[PDB]
Amino acid sequence: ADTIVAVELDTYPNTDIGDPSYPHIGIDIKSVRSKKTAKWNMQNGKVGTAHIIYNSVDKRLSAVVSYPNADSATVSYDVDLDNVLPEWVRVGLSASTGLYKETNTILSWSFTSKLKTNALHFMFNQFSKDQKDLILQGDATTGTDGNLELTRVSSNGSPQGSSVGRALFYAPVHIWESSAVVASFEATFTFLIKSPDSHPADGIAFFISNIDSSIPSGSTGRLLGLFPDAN
Amino acid sequence: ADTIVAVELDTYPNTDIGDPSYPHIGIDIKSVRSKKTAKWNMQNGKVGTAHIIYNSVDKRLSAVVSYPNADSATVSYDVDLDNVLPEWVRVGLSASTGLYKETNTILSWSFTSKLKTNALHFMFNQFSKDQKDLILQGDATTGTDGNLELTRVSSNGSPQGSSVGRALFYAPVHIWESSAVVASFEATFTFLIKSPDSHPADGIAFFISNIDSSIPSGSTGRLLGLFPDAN
Amino acid sequence: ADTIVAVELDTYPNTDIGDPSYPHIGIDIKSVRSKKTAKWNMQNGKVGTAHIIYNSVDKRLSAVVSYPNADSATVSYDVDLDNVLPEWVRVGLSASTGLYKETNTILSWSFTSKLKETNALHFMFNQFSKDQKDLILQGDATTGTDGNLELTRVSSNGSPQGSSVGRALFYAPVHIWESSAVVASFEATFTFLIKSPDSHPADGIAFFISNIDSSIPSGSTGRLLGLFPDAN
Amino acid sequence: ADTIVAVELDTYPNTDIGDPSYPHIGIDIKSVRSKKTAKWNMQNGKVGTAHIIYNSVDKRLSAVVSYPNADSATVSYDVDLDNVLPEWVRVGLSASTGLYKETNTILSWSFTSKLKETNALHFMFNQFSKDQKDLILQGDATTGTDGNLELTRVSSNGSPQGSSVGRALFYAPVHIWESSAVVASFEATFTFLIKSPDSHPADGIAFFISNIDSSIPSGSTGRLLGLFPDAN
DNA sequence: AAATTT
DNA sequence: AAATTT
DNA sequence: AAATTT
DNA sequence: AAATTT
Ligand SMILES: *OCCCCCCNc1c(NCCOCCO[C@H]2O[C@H](CO)[C@@H](O)[C@H](O)[C@@H]2O)c(=O)c1=O
Ligand SMILES: *OCCCCCCNc1c(NCCOCCO[C@H]2O[C@H](CO)[C@@H](O)[C@H](O)[C@@H]2O)c(=O)c1=O
Ligand SMILES: *OCCCCCCNc1c(NCCOCCO[C@H]2O[C@H](CO)[C@@H](O)[C@H](O)[C@@H]2O)c(=O)c1=O
Ligand SMILES: *OCCCCCCNc1c(NCCOCCO[C@H]2O[C@H](CO)[C@@H](O)[C@H](O)[C@@H]2O)c(=O)c1=O
Ligand SMILES: [Ca+2]
Ligand SMILES: [Ca+2]
Ligand SMILES: [Ca+2]
Ligand SMILES: [Ca+2]
Ligand SMILES: [Mn+2]
Ligand SMILES: [Mn+2]
Ligand SMILES: [Mn+2]
Ligand SMILES: [Mn+2]
């Protein structure tokens, strides 16, 4: 199996696998059962912003998710990523639907990593039809309105159930090194989750994986395109 | 009195005012009596690097100080800087000598601040004779070898005792705002502390202050050009 | 008198001082009489973007101004800024109105300067607060209204006033050139909203570089754009 | 055949294929026969810096190469890269030796590309590790030796070998131009150490931009710099 | 998040 | 750039 | 950090 | 750009 560290924006409570009873943000270390969660007032139809940060000094993975004119949700977990991730990784965005569904639209995505200095930075404020610096997996597409659609959306603009897709940055990323004084990363993305159903599902995740990571077979719904099972 | 938050590289133990019995790095919140310290193996004559980081999510001020081919020293303190600093500040470097002395040479200095986005970034890898974007206070000079000398150094290159000087970035910095989702800063500087005396003193500090801050009268030696007294 | 280098977005043709017969973008080297101009299809009430670039290798000051879904206007002029500007400068935005008027609203402003090893400065304003301590506001310029910078006077309902002039300068001096530098470069970007009830909106917005102690010249409303003491 | 745009630091004059009679810097548009060259006082055994710049407004590819306390060499060529390169490219460093030889050591490399609202990419290498997974190494190129990138073969005591060619390409494709972009720009910087026991060191280093699937052309040691399949 | 069961 | 060919 | 005092 | 002066 892949090695996955993720931040989940989980729109749907799967209480059978440890989700709290409300939409939440969570920190996922090699399991869909979040090591840490916080309540998230997801706003159907509104553009949200997610901010993820980590540095080798505090070794604390932190995320903040917000909408304009609303209180943020924030979650943090103390984890030494040198003990979890390989030295080289790919970074990406994942989303899924199940028997309930939602648009999982990404409007922008930026990432910065630094090791003390070697740096990498990318910013996408628009996605083109042929975005050669992204690896699209499963149902993910680019070019529609200059957005990245992680999960399948029909020609009438309706989201489809039982969909999964991911976008990974083409270049491997040097996320830690034994000889580094300080290492840090940050990621930012803006997203639009819309459901015509009473209940949106299943969520979006920022993730870091082994370089050769692929969607686990059957990872639609509550597995968010990240995990082969709910252990 | 000014409002000061600083990271001290304290070369000289002033045990009468709570310094530990060894050269240390410390986090100073409105007092020279550090809220937190760590042991620092200062290397007389060698170029060192200091890295300071803070963000509004973790509200943890952290510093790392290192030399090539040596173990780092690191110190962190949980502090909400919105409760300590004014919304607008100046950032700077301070150094002092007393009855013992050292060169307090800065080879480079960079700073970045971001509020969610408004950003400010400066980098100095060399200092010119007439560096109009620095406010030099007390004995601080620029232009000698392209370095910033925070404290007085005679024409034969010998450091002088009972010296204090500071360099502040000209523009005020927006360090926090009630309406910001995320706020962060980082600072990096490289430094050369040399003493021909058995004992170097007194140290270098990165500091953040009220915009109109000036060297407190008599703040040579253990007060590091930051505090009017040892309370 | 100040030393000024500017890029003008000139909404109003002052034919008596060398302006062409249409709204234009111009490069101004120590004179309101542009060394170079290009036709500019200014879109009343629409958000525009201006991009200014220079480097010590090409020694060409270039600007592009655009609106979404419309053709850009671009102008370039070969000038060695080492022979024109002092080594240390302030950078800023200026705007004016006269008999005719317009909102001179700035929604965002960013600047980067680098000298090569490397000295750099970068600022970005995507919002302006009521108390923007890293800006020097001159004349009628105000911040805080909808998070925007209003270079010239507007009323409580957002209606522009005539006979207005204001400027915003970045607080820190900028090291724009150095004789011992291998490469020096700058870029600036700003987004702007020029809106007018008038048949002919006036007078325009400029990005400028000046001596550090520059102030609005006395009487510099209307066609002088808050930059020049006269039309020479 | 690949599509190549390069800046050559050409240490060896191949007069039979249009090189001038001295070490030169050149701009190469789909040919080893530079569209433009300038004299280059290459300093055997000293660390040099190369700076390459381009933007879609001036459409001028410019380079500067310098050593500390010495006069720069600079070359520029007016070219619209939209008419030459594919929209997506890889960027890289190439070097070669032939009968004569030199170390082609890279100490650092950085690149920035931006399309305007804005898409950006930036990387910086100030050290190279033994397993540099975000570089595609081609031919003799190796990383890890003193934290440097060695584009061509050197021995365990650091002595250069003849008849060598290697390249390092950034792993991710780069969006170098787009028809709907207002402004597009790139810059690259690298520091290099060219050292030789030979009377005439050869053959040089190049920064290049290519089709994403570019490889060292067969036989491209010596004067072809690992870029061109022939001297046309 | 709102019924339906123990 | 230096030697050799024409 | 190394003496000098309790 | 439109009106008025020369
Ligand atoms: O505040 C709570 C509002 C949202 C919950 C309202 C509906 N809840 C609910 C459940 N719960 C049991 C979960 O099973 C549902 C079906 O599972 C499939 O679909 C989901 C969503 O796409 C996915 O996570 C699973 O992996 C799977 O594909 C109901 O049965 C019901 O109604
Ligand atoms: O690992 C420890 C090595 C360094 C200490 C060795 C010398 N210690 C020492 C002291 N301690 C008492 C402190 O007073 C010294 C004089 O104080 C003046 O000088 C210092 C240094 O510049 C400064 O912090 C003060 O503010 C003041 O200016 C001795 O008396 C002695 O010897
Ligand atoms: O074909 C497209 C437009 C052509 C020109 C239209 C000009 N209309 C116009 C003029 N022209 C004379 C210019 O000065 C008159 C007013 O001068 C004052 O106002 C302007 C604008 O604020 C300013 O630049 C000056 O400095 C001064 O304050 C008219 O008189 C008229 O109507
Ligand atoms: O006045 C300053 C230098 C002037 C030229 C000096 C050249 N010396 C020289 C030549 N010239 C003929 C060129 O080709 C000979 C060797 O060709 C092989 O080696 C080079 C260098 O590695 C390479 O560019 C080629 O592609 C080929 O591999 C001599 O024969 C000689 O000596
Ligand atoms: Ca879930
Ligand atoms: Ca002390
Ligand atoms: Ca005008
Ligand atoms: Ca050659
Ligand atoms: Mn969950
Ligand atoms: Mn201390
Ligand atoms: Mn004009
Ligand atoms: Mn050549």
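A, B, ... follow the sequence lines: proteins, then strands. Residue 1 opens every chain.
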A:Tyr22, nearest nucleotide to its side chain (from G:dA1, H:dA1, E:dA1): E:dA1
Have C:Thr97 and C:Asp203 got a donor and an acceptor in their side chains that come within less than 3.5 Å? no
Would you kindly give the OH-to-P distance between C:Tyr100 and H:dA2, to the nearest whole Å? 11 Å
Could you go step by step and tell me if C:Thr11 and C:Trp40 meet the side-chain contact (heavy atoms from CB on, under 4.5 Å) rule? CA-CA 8 Å; C:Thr11 57; C:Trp40 172 41; 3.8 Å; yes
OH of B:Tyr12 versus P of G:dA2: gap in Å, rounded? 14 Å
Do we see a donor-acceptor contact under 3.5 Å between the side chains of C:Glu102 and C:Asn104? yes
Nearest-angstrom distance from the residue atom CG of A:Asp10 to P of E:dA1: 12 Å
Closest nucleotide among F:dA1, H:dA1, E:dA1 to the D:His200 side chain: F:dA1
In whole angstrom, what separates D:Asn14's CG from F:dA1's P? 13 Å
